[PDB]
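What follows is one structure encoded as structure tokens, with my remarks underneath.
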Amino acid sequence: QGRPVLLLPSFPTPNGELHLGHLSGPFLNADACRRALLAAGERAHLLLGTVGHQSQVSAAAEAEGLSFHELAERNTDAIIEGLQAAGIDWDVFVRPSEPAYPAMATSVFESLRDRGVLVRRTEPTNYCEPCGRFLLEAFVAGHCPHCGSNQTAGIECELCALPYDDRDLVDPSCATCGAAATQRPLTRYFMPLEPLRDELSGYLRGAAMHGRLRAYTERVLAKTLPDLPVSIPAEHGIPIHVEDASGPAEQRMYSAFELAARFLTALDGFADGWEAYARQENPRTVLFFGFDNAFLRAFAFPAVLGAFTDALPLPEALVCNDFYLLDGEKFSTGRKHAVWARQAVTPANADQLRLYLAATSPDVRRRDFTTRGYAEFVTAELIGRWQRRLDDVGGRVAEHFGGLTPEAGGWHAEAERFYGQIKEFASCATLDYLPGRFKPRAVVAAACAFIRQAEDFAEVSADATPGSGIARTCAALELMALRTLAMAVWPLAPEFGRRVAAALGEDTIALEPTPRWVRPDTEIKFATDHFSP
Ligand SMILES: Nc1ncnc2c1ncn2[C@@H]1O[C@H](COS(=O)(=O)NC(=O)[C@@H](N)CCC(=O)O)[C@@H](O)[C@H]1O
Ligand SMILES: [Zn+2]
Ligand SMILES: [Zn+2]
């Protein structure tokens, strides 16, 4: 397949900086996926941005005193710096004020309205008379009807992500003044999703996702599908005129409806013409997101995108994660419970921190970050054992082979077994970086177990008869194993992988199931200080 791969992590909301939970979720997942795809010889492009309108930015802008626009651009700068600190690369980044964006968003609404996909509905909607505003998205507080959580923003429940109508939010209240909501009639544009039930079912049946997300899609599809809000009264946003409206006629595009337009604006800038590129290159698209975005990315995004265009296939894989915890409580921008990326990530610890977030990847469970757990990983595992193998193999190559990589001679049983272990590690790495079954956590665990297998084999190498062919084989295998480690961890620790690679005399290592020998006579000198405690 010569198809290019589009990696589309969630566009972070520019109401703050990124914390380590963000990194541990869609951003490290998408960057490591991209890197493994490049290492396997594919074309891979990560599309990013903070473009769009989220009501959280408007609300944060009120409190902070700034305008929506100032606050989004300021936080976009900070988000960009944290991503670069963590080694997250991108092929395009769409800022909140991208001039070509509103045309794109408007094109999607008008094209859906004109083709009959949308409706205008009038219903009683929560309103705050003292504040003088309708109570929706981030401006309403209340409880999810499915799970009872109060971690909501109108139709979005952070805990279960199960959809529901605005009028179903339990115990609504003004999120600004606390007053219990009353009501007012309002007329808004909606996109019904229940007509699309068969298309969405079929689309998701053929998409790749893990079982936790699959079972979520089944719970969603076990009830009727709410209408997706399209328009909304708000101070900021892409304008939408609502005809024959009870309530304000001049409204805005609801953020959830913007998802398709955010994607295509990014692709348009990356390709200089998104629609020609889509039809001529037939890209594969891979989504990365946290579980609070599960409805938005498994349902609302394909629904809107697929009704707008067929120039590109809908995303073939959905790489969903749960929330990273900090000392047992979720990383939270709002609640200011966080370790911030700009403050904590340095060139010296980027590789080891990415390795640790992957070793603890909150893939199907919320998992915990503590500074203790992280520090012990660095010193005991990465230094105490990964660094140790490099040194042990390196110094014994110096001691017994004049620092040159020997050429494998004959074999015996212990070499068979170790080579077979090298094959199982290499195989885990090629498979578990795949978009279709992305599990970096298993690659790190396979690395740790492999280091221990290599520690056993060092005993075998130490006891081979000096000067013999089997002694050469053992050393060639020990080098082959370190070459395979650098191959296997490169997507997560690219600087560490590149440095071990160059000590083995290679500028790049293909990501592949077949282990390779180190070139005989290659001078072997490893650095002693890859990681920093
Ligand atoms: N503690 C945590 N651990 C692990 N992942 C976490 C996380 N907190 C957030 N996330 C995930 O990080 C992604 C971005 O988070 S976010 O800034 O709040 N923005 C949003 O959720 C939506 N505004 C994205 C809209 C879009 O994609 O266009 C989102 O995919 C979110 O799910
Ligand atoms: Zn109020
Ligand atoms: Zn819920």
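One-based numbering, in listed order, for ligands and for the atoms of each. Numbers here simply count residues along the sequence, with the first being 1.
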Relative to the heavy atoms of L259, which atoms of ligand 1 are at a distance of less than 4.0 Å? 26 (C), 28 (O)
For atom 9 (C) of ligand 1, what's the nearest protein heavy-atom neighbour? Residue, atom name and distance, please. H22 CD2, 3.8 Å
If you have a sec, work out which protein heavy atom is nearest atom 19 (N) of ligand 1 and how many Å separate them, to one decimal? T13 OG1, 3.2 Å
To the nearest 10°, how many degrees is the angle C147 SG to the Zn ion (ligand 3) to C144 SG? 120°
Less than 3.5 Å apart, any donor N or O on the side chain of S97 or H69 sitting next to an acceptor on the other? yes
Using a strict cut-off of 4.0 Å, indicate which atoms of ligand 1 neighbour a heavy atom of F289. 30 (O)
What part of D292 sits under 4.0 Å from ligand 1 if we count only heavy atoms: the side chain, the backbone, both or neither? side chain
Nearest to atom 28 (O) of ligand 1, what protein heavy atom do you find, and at what distance? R262 NH1, 2.9 Å
Answer yes if the side chains of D268 and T265 hold a donor-acceptor pair under 3.5 Å, and no otherwise. no
Quick one: sort the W340 and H19 rings into parallel, tilted or perpendicular, breaks at 30° and 60°. tilted
Hey, what's the ring geometry for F291 with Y216, parallel, tilted or perpendicular (30° and 60° as the breaks)? perpendicular
Is ligand 1 less than 4.0 angstrom away from at least one heavy atom of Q54? yes
Ligand 1 to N321, heavy atom cutoff 4.0 Å, flagged ligand atoms 4 (C), 5 (N)
Where on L325 is there a heavy atom closer than 4.0 Å to ligand 1, on the side chain, on the backbone, on both, or on neither? neither
Atoms of ligand 1 under 4.0 Å from any heavy atom of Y324, numbered from 1 in the order shown, are 1 (N), 2 (C), 3 (N), 4 (C)
Rounded to 10°, how big is the angle at the Zn ion (ligand 2) from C131 SG to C128 SG? 120°
Testing the 3.5 Å rule here: is there a donor-acceptor pair between the side chains of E258 and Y101? yes
For ligand 1, which atoms sit closer than 4.0 Å to a heavy atom of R297? 26 (C), 27 (O), 28 (O)
Which bit of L18 is near ligand 1, meaning a heavy atom under 4.0 Å away: side chain, backbone, both or neither? neither
Does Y324 use its side chain to pair, donor to acceptor, with the backbone of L23 at less than 3.5 Å? no
Just checking: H146, one of its N/O/S atoms, less than 2.8 Å away from the Zn ion (ligand 3), yes or no? no
Quick one: which ligand 1 atoms are inside 4.0 Å of a heavy atom on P26? 11 (C), 12 (O), 13 (C), 30 (O)
Have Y374 and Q352 got a donor and an acceptor in their side chains that come within less than 3.5 Å? yes
For the pair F288 and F438, name the ring-plane relationship: parallel under 30°, tilted 30 to 60°, perpendicular over 60°. perpendicular
What orientation do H45 and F270 show, parallel under 30°, tilted 30 to 60°, or perpendicular over 60°? tilted
Can you tell me how the ring of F93 sits relative to the ring of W90, calling it parallel under 30°, perpendicular over 60° and tilted otherwise? perpendicular
